[PDB]
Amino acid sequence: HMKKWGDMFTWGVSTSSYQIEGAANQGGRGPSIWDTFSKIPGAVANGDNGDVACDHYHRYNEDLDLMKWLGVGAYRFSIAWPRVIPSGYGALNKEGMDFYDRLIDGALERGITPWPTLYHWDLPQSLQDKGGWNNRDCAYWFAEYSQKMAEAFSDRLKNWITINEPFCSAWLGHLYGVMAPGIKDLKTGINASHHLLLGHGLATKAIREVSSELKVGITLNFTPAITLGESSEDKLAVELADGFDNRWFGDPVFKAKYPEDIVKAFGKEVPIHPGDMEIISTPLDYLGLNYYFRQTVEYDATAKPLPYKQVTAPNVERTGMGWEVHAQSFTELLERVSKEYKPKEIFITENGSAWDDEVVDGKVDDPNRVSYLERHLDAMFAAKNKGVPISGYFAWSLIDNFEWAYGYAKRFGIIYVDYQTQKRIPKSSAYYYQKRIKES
């Protein structure tokens, strides 16, 4: 499983539209559910929103220059659906499409392959007003949007990702209400999860109809579950958390079914129509895998919707998010996914870490982020050397940005953003990543 001649590996960085673009009410853009959600008192730390963010809508040439300087071969970005179709379905916003044309063409001029993500959580509010992902029609609206983007951009862009982290859009957005649109209802979360996955499948078929050379995948985040206890009920807690976070989304895509143990525990029906599971399980060219941390759980008969709770394990390394740092879990997750779901290949579409950064003498020295990055790259390559088909790695993120309900206080960039001036300052982790790209 050692390197052989001709083998390739792609190095990238990742962002998303609402987190960096700004220009939220400029260039014809319509509001997203995160514009609305960010206006709710208490929804986002410090009352932050994405109105300006990193002003990447105006500063994209600088950010593209930083990518070329890093030496990445690829740039994972998302298209803001409400920027290009403000009404969700209907007329294209030519000014919005022109922005992505300039972004794409600028990347290609610099030798960077853009990897578009079609849905990274910024659903048009116009479609939320019709029920959003609770409405089955939203899967079809998404597929039509996806087709239009492929028709516009696939002459240049050959590697597509449909949706990003349906776990967050479905469960965090519709069951726990801590992400847009902020709904708290199990049935709604179930419906949303099915329509996100159906949208993925319909969009995949729509993209392939544009051209047979195009590649398509989905990005799923996986959160491996462990328990500190030995009781059978604590082992059940691990099984339930794994089903809720991981198998609920992986099983439809790769096995054409929902995990029966979770379906039974929910006691609700997934709104599956004829043809849905064939569409959701349509073959993919790759899995986009997001990994950051493992969760520690224990049984809790009182917890809902499933009888387990999170545990904060003692004496473990944690990031500024409070997330456990455990790179060995990354290796084991990659091996598990390859055996369980057998994706043709895997791209790490996100991995990274957030820490308290300080600017000293105009510079940012972030050794904790360097250490996380080094150890997780090592863990990834450990899996690749065992035969897991990992074809590339995208660092989350190129720049500090709007970290959803945490706002701007949580910095994931390898490049620092001073939001007072929009100055970009490469951190120590940027120089480390630059070296790794060149010298591997």
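Note that residue numbering follows the sequence shown and begins at 1.
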* Read off the CA B-factors in the entry, average them over 189-197 and over 343-351, and name the higher stretch. => 189-197
* Asked: Per the PDB record, is the mean Cα temperature factor higher over 48-56 or over 35-43?
  -> 35-43
* Which of these has the highest Cα B-factor in the record: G106, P116, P314, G73? -> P314
* **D98, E269, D366, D155, ranked by C-alpha B-factor: the highest one** => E269
* Structure fact -> Entry-reported C-alpha B-factor of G288 relative to its chain, by third, is lowest
* To do: Among all modelled residues of this chain, ranked by Cα B factor, put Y299 in the bottom, middle or top third, i.e. lowest, middle or highest.
  => highest
* Could you tell me which third, lowest, middle or highest, the C-alpha B-factor of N61 occupies within its chain? => middle
* Can you work out whether the C-alpha temperature factor of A382 puts it in the lowest, middle or highest third of the chain? => middle
* To do: Would you check the entry's CA temperature factor for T282 and let me know if it's in the chain's lowest, middle or highest third?
  => middle
